[PDB]
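For reference, the chains in residue letters:
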2 protein chains.
Amino acid sequence: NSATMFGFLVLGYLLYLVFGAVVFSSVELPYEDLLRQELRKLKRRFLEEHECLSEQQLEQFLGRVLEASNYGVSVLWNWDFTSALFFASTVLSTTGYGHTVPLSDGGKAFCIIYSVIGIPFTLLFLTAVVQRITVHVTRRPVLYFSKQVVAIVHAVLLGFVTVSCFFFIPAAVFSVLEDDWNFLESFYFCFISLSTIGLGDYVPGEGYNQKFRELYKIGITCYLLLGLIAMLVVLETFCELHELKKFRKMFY
Amino acid sequence: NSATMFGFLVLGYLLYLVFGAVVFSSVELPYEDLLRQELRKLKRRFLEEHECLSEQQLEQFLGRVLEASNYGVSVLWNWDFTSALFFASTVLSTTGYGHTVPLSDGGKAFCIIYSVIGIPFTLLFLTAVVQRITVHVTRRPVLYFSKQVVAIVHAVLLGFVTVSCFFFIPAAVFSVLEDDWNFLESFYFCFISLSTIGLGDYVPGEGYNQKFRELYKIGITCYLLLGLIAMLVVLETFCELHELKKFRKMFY
Ligand SMILES: CCCCCCCCCCC
Ligand SMILES: CCCCCCCCCCC
Ligand SMILES: [K+]
Ligand SMILES: [K+]
Ligand SMILES: [K+]
Ligand SMILES: [K+]
Ligand SMILES: [K+]
């Protein structure tokens, strides 16, 4: 019966993500179309309006252009559902790249509530997904039980596995998928993504003329999601070695 | 003797923050001065160079302007130490606004290592700071011991305390300090900050002509740091109520 509990948690979470991905999609998308216009309109009017404008005339155009940039809309789509799903997930995993921020007040507010509920929901979700994976991946230090040393080797080995399997493999996959991204950049991106730092200087699936982008988003959303679980799995496996519980306990 | 262990942890952490705040300050600052120039130079040359330039001539200037924006440098200082300290802390608390991202490869790489070491160090730091605060703030459900109900009331009461004390009070303080920020925006900022989501659409201490800014940074760095501890404190207090351990346990 415990299997249908975790099985439902996993289901409901995914839905909560689609739910939000939809609510965000709709409320925030409209303000974008209208903002896309105010920019395309202010773009045309600037060039055609005052060809040789002065220092005071440029700071006024650039201002309105940069302001649009900070909100995810560049003068040169953010809230579809494939991308709004991307946002909803990175907001509950708490990465927050920012390449897409809510624009209205409803979005901003819905985001807040959606999170108060989702963030926690997300912990529970992860806790379960990890407790389980942790055991199946760390039930083997026993098939080996000397005892303490089977773990210190299981850990360091498991680290070198996922570090490669989740950073280097995708660090390369992105060096591929994303043009302007070299390896370091792709790798660097993975680190700040799976760490949930999310500076947002780099975000995949945002290149001029990207084909099948809809999926790339859904793929990323999963890369990030799984990679996080993987980290936590590796974290538990490390946080549970004798020497660590020792070092930790040393401060309470 | 346990008091000098946590006391040193708290010390060393703070230093690790200053250490990084310095290393980042120096390596990344230079690329900024040089980038500030390439922009001030491309700014002058654009207006004076081709007053009435066409559609093809604007996309080329705006491109280089927006590209600078995404990296923290606007055409219209990011790595001093008061602000570099701000970065180092938000990177280890994992908020990552992005208003400041490392520019060189050294910065990007140092950041990664600094984090692999700091993030953990930061957990330990928090764990201690919270375990302690948790007990002194939740040793009182006992001074009240019926028993289970003294906690469900201690929790809900403590929530309403810090929610007000860390969100509303500062939500207002910012409505003050930050011009363009109304209450919702200030409050909204606090939520995504203390949640460590850090979209970065709003970052305090970044207004044209901000006086005593150096401190405002150091103040924020602390607001964020403490507010996080506060959250975790409140989180533990909630994660440890019978009904919850019950609901949680329901999935392993
Ligand atoms: C919700 C907190 C997630 C923390 C992730 C920490 C990953 C650290 C990896 C360091 C090698
Ligand atoms: C390093 C993980 C920090 C998680 C902070 C969660 C705060 C949630 C507040 C919800 C009211
Ligand atoms: K973050
Ligand atoms: K960000
Ligand atoms: K972020
Ligand atoms: K940003
Ligand atoms: K985070």
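Cut-offs applied
Residues numbered from 1 in each chain as written, not as in the entry; some residues may be left out. Chains lettered and ligands numbered in written order. Heavy atoms only, no water. Residues with missing side-chain atoms left out of burial classes, pairs and counts. Helix = DSSP H or I, 4+ residues; strand = E, 2+ residues; numbered from the N terminus. UniProt positions renumbered as here; feature names shortened; annotations may be inferred. Contact = heavy atoms within 4.5 Å. Disulfide = S-S within 2.5 Å. Least-squares fit on C-alpha atoms. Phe/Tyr/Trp six-rings, centres within 6.5 Å; stacked < 30°, edge-to-face > 60°. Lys NZ or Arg CZ within 6 Å of the ring centre and 35° of its normal. Axes fitted to C-alpha atoms, helices over the stretch in contact; angles between N-to-C directions. Parallel < 35°, antiparallel > 145°, perpendicular 65-115°, else oblique. Left-handed = near helix turned anticlockwise from the far one by under 90°. Nonpolar A, V, L, I, M, F, W, Y, C, P; charged D, E, K, R; others polar.

## Looking at the overall build of chain A
Move 1: Secondary structure assignment for chain A yields 9 helices and 0 strands.
Move 2: Counted from the first residue to the last, chain A has its helices and strands arranged as α-α-α-α-α-α-α-α-α.
Move 3: Judged by the C-alpha coordinates and their principal axes, chain A covers about 80 × 40 × 40 Å.

## Let's talk about the UniProt feature "transmembrane region" in chain A
Residues and elements named next belong to chain A.
Move 1: As annotated in UniProt, the feature "transmembrane region" corresponds to residues 4-24, 110-133, 153-173 and 215-238 in the numbering used here.
Move 2: Secondary structure within residues 110-133 divides into 100% helix and 0% strand; the distance between the first and last C-alpha atoms comes to 33 Å.
Move 3: Between the first and last C-alpha atoms of residues 215-238 the distance is 34 Å; the span itself is 100% helix and 0% strand.

## Looking at the interface of chain A and chain B
Interface size is commonly expressed as the accessible surface area that is lost when the partners come together.
Move 1: Across the contact, 59 residues belong to chain A and 59 residues belong to chain B.
Move 2: Those elements that provide at least two residues to the side of chain A that touches chain B are α1 (2-49), α2 (55-69), α3 (81-92), α4 (105-137), α7 (183-194) and α9 (242-249) of chain A.
Move 3: With 12 residues, the single largest contributor to the side of chain A that touches chain B is α4(A).

## Considering the state of the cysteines
Move 1: One disulfide bridge connects A:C52 with B:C52, the sulfur atoms lying 2.1 Å from each other. The sign of the S-S torsion, about -115°, decides the handedness of the disulfide formed by A:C52 and B:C52: left-handed. With A:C52 in the loop between α1 and α2 and B:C52 in the loop between α1 (2-49) and α2 (55-69), this pair bridges two chains.
Move 2: Unpaired in terms of disulfides, B:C165 finds its nearest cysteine sulfur in B:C190, a separation of 12 Å.
Move 3: Free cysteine: B:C222, not disulfide-bonded; nearest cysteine sulfur from B:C190 at 14 Å.

## Describing the relation of the copies chain A and chain B
Move 1: Mapping chain A onto chain B leaves a residual RMSD of 0.0 Å; the transformation is a rotation of 180° accompanied by 0.0 Å of translation along its axis. Those values place the two copies in the arrangement expected of a two-fold rotation axis. Of the C-alpha atoms belonging to chain A, the one lying closest to the rotation axis is found on A:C52, 2.0 Å away.
Move 2: Take the interface residues of chain A: 100% of them recur as interface residues in chain B, which is what a same-surface contact looks like.

## Re the packing of aromatic side chains
Move 1: Judged by centre distance (6.3 Å) and plane angle (20°), the ring pair of B:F183 and B:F187 falls under stacked. On the criterion of helical spacing, the pair formed by B:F183 and B:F187 is a turn pair, its members being 4 residues apart in helix α7 (residues 183-194).
Move 2: Ring geometry for B:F247 and B:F251: centres 5.6 Å apart, planes at 10°, overall stacked.
Move 3: Counting every residue linked through ring pairs, the aromatic cluster contains A:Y13, A:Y16, A:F19, A:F24, A:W79, A:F87, A:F110, A:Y114, A:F121 and A:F125.
Move 4: Taking NZ or CZ as reference, B:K108 lies 5.8 Å from the ring centre of B:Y71, over its face.
Move 5: The ring of B:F6 carries the charged tip of B:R132 above its face, separated from the ring centre by 4.0 Å.

## Concerning the UniProt feature "intramembrane region" in chain A
Residue and element names in this part refer to chain A.
Move 1: Per the UniProt record, "intramembrane region" is annotated on residues 81-93, 94-99, 183-195 and 196-202.
Move 2: Measuring from the first to the last C-alpha atom of residues 81-93 gives 18 Å, for a span that is 92% helix and 0% strand.
Move 3: Here residues 94-99 is 0% helix and 0% strand, with 14 Å between the C-alpha atoms at its ends.

## A look at the packing of helix α4 (residues 105-137) of chain B against helix α8 (residues 213-239) of chain B
A pair of packed helices is characterised by two quantities: the angle between their axes and the separation of those axes.
Residues and elements named next belong to chain B.
Move 1: For the pair α4 and α8, the least separation of the axes is 9 Å and the interaxial angle reads 60°. By the angle class used here, α4 and α8 are oblique. Classified by chirality, the crossing of α8 by α4 is right-handed. Facing α4, whose interface residues are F125, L126, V129, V130, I133 and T134, α8 presents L225, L228, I229, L232, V233 and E236.
Move 2: In terms of residue class, the contact of α4 with α8 is built from 10 nonpolar, 1 polar and 1 charged.

## Describing the packing of helix α6 (residues 148-177) of chain B against α7(B)
Residues and elements named next belong to chain B.
Move 1: Two elements in contact, α6 and α7, have axes separated by 8 Å at closest approach and are oriented at 130°. The angle between α6 and α7 falls in the class oblique. Like other packed secondary-structure pairs, α6 and α7 cross with a definite hand, here right-handed. Where α6 abuts α7, its residues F166, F167, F168, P170, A171, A172, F174 and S175 lie against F183, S186, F187, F189, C190, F191 and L194.
Move 2: Class assignment for the residues of the contact of α6 with α7 results in 13 nonpolar, 2 polar and no charged.

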